[PDB]
């Protein structure tokens, strides 16, 4: 691919199909074409031989077709492309995923398996490759680039030097390096990071970034190193700045509140610049079920009053140019017949979807079997015996200890405070919540590491997840050692996942037996389960939007971010590069 499209046989036979002197394998008819090059909606019908579009021509002018798919009252588009995302974040396998979003119009995704990668390494990324080999969803693989996100600070499943990075880049299946989020390292020229981005160029394959906070000059260096995109937009000014920086924009949907501002900013610019594409980054099982994938970003951008001709453009043709795939992202003679037909340019219901000329969805369900894949090597990713009440307390000598706190949810900062010491352990000091983080991949001593957050409300019980970007070790929160080993041990025995405990009971489990990240169950189940666990947890702690919400519990052991975070190692500050082994400062 696109070698498949070049076969002499089909080439010949589509040409003559175009010419008039054969008939097409399919004709799509009676539709209004979203012409994404000119931004007109204009009537046209489409004839297709094999995986090639043979002709876009005058409506009704042709009726010679082995099958006829009909689009009157509706709108024809190329199938949407998703420039950055991760399947893991929805807690399902690639197959369920494909079923979900191929039915919605999305024919190509660009997937950084950075999560499976962290948990299993290349083996992780190998499986990604095998799992997507035959879906009706094109998946372009990207090499996980920072495993682990902060070497020396934390220990996940895996470690990726430039060698391995070079190796992954040699795969046909891989189109580039996934988001480099270790950006001090790229900018300040670290031997690992510079080594990997060298590999990216030596391969002449994409080099994609994460650029949260990078401004003015830091940015010119990220760019200067080789990295060429971003999705971490925060404001209109943020969008404008990095457009003007020359970056491919991966305009994402995971923060609904900034779409209006992105939208205002394109509409005031006047035109949508050809370097803007659409992505999902992370999308949870209930939003995937209710909202959708990629198509949701089309949908909302239009709801926030972007012209639909622009949303689609950026979801198809733009997305094409970037991947260097001249066969995708536009409906035109000689291109792939990756097509969606929409009931209108509001709700974007997919009345029809085709991949490579074969109709694979209709009405919103699949028409085709999705090869499963053997989830085995994905199981048993809990490699640690159950915990005690005592794995959550901090042994410490004195009568009274001075204690380094991890003040602030997200915007993290070093704090401190006195505390008492009964009996061998330190007493949780009023207004503190625990963070226990336990290495669970067997790469390391299974030793529980506690820390005290402040700024987290008060914990009436606990929440263990095993999804904790990016090392994903067993990560627990709570107001007390009891409720806490409840939640830990429920996650451990189902083999990974999440559990809310409280007042000596477990109140919800979303079991997640593959890697501690995804689940075999169908998307309805998983969504249902997720909803219920957010319910559960909403009830063990009163949140305070924005910031001290629930999505933060998945984000706190994320070593490469600025500031203290509790890791599987200690408390990590990635400026220094030091591991703070214990919270006790003295006495």
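Residue numbers count along the first chain shown, from 1.
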Please compare 92 to 100 with 485 to 493 and name the stretch with the higher mean C-alpha B-factor in the deposited structure. 485 to 493
Mean Cα B-factor check, 415 to 423 vs 231 to 239, entry values; winner is 415 to 423
Sort 125, 341, 453, 119 by C-alpha B-factor from the entry and give me just the highest. 453
By the entry's C-alpha temperature factors, tell me which of 448, 326, 466, 145 sits highest. 448
Within this chain, which third does the Cα B-factor at residue 439 fall in: lowest, middle or highest? lowest
Divide the modelled residues of the chain into thirds by Cα B-factor and specify which third, lowest, middle or highest, holds residue 77. lowest
In terms of the CA temperature factor given in the entry, to which third of its chain does residue 558 belong: lowest, middle or highest? highest
Check where residue 390 lands among this chain's C-alpha B-factors and tell me if it's the lowest, middle or highest third. highest
Compared with the other modelled residues in the chain, in which third is the CA B-factor of residue 191? highest
